[PDB]
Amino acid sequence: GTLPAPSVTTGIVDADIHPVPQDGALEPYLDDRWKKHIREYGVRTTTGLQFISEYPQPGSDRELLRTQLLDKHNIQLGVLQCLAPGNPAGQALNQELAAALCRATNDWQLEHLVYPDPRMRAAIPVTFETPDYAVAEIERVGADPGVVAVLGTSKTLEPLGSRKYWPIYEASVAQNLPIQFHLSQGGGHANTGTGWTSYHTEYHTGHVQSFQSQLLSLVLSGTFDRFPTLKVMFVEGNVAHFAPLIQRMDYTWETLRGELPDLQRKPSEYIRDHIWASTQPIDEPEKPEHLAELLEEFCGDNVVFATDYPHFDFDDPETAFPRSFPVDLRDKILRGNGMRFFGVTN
């Protein structure tokens, strides 16, 4: 029917909920043209595999998602991040197929979960590699009060500050929409900048790297100059490592700032109102007081909470923090910082 604008009071933000989608779900929103195409070839992507990725590990299910997450821990805003049904959608090599699937995903998550329960709302997958489609689906649905962000991936064919993606950024914030980039495989390059990892420790910890490279590119691209309006977030990427990254950027900039004579501000200054970060999975330093220290060294105003329901490495909404974590800041990432990012009114 019609929705209210997202309302945050009293209650906590979860910037990363992964809804559990059933098989017979996206076909009502999928033209036959693609249904038999998936029958014949499946969703080809950057692998040589038919089903798996590179590194392989109310009603329908609303109730299990309302009961043991949205009620268990008092969650009042949960942001819906659907990769794809049963391997992310926008990374399919057939980009026309990819667009149809996010089209279907967007329709379904709206029609089936956020409207039945406006506590949740959605970040819309778009084809970040065919910007024509990204802008087209932003205009299609990003006007809905049921859309709260654009959803991209940590891995892309070019760094996120490249100008291939600038058509998507205007579209996105010409709709007053922030963009989240969620941890991802594929993209077109190896796991690391120096090869494919072998063991699961390298794979899982390697996810941090792609975020480092994306942050640097977004800042030194001048992207947040040409888009002073733009607010982007890094999800399932581990907040703590960002602070020495940001620190090293500034220290190198001081010497080499002349290569980029257009970058209005000093790189770390761009963080203020452009770079947020989800908290899951929570960083666990050996001395637990380093966490708060590192959190505000990045930025205390730009860290949003997340569970990653229903993933195995989910964080209990307050067993996640260590012994004497600063209460002011815990409160700011549970409520205030997410509020700020998604653009709800105080």
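Throughout, rigid core stands for the largest set of C-alpha atoms superposing within 1.5 Å between the two forms. So that there is no doubt, residue numbering starts at 1 and follows the sequence shown.
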Next on the checklist: Superpose by the rigid core and compare 70 to 78 with 241 to 249; which one moves more, by C-alpha RMS, in 4 other deposited structures of this protein?
Outcome noted: 70 to 78
Next on the checklist: Which segment is farther from the shown form on average in 4 other deposited structures of this protein after a rigid core fit, 17 to 25 or 332 to 340, going by CA atoms?
Outcome noted: 17 to 25
Next on the checklist: Unmodelled residues of the deposited sequence between residue 86 and residue 87: none, 1 to 3, 4 to 9, or 10 or more?
Outcome noted: 4 to 9
Checklist entry - Relative to the deposited sequence, how many residues with no modelled coordinates occur between residue 57 and residue 58 (none, 1 to 3, 4 to 9, 10 or more)? => result 10 or more
Next on the checklist: Going by the mean C-alpha B-factor recorded in the entry, which is higher: 183 to 191 or 258 to 266?
Outcome noted: 258 to 266
Item to check | 246 to 254 set against 269 to 277, stretch whose average Cα temperature factor tops the other in the entry | outcome: 269 to 277
Checklist entry - According to the deposited entry, which of 143, 126, 208, 215 has the largest Cα B-factor? => result 143
Checklist entry - Whose C-alpha has the highest temperature factor in the PDB entry: 286, 316, 297, 283? => result 316
Item to check | Chain third (lowest, middle, highest) by recorded CA B-factor, residue given as residue 166 | outcome: middle
Checklist entry - Is the Cα B-factor recorded for residue 49 in the lowest, middle or highest third of its chain? => result lowest
Checklist outcome for this item: Chain thirds by Cα B factor, record data; residue 111 belongs to the highest
Checklist entry - Is the Cα B-factor recorded for residue 293 in the lowest, middle or highest third of its chain? => result lowest
Next on the checklist: Ranking the modelled residues of this chain by C-alpha B-factor as given in the entry, is residue 178 in the lowest, middle or highest third?
Outcome noted: middle
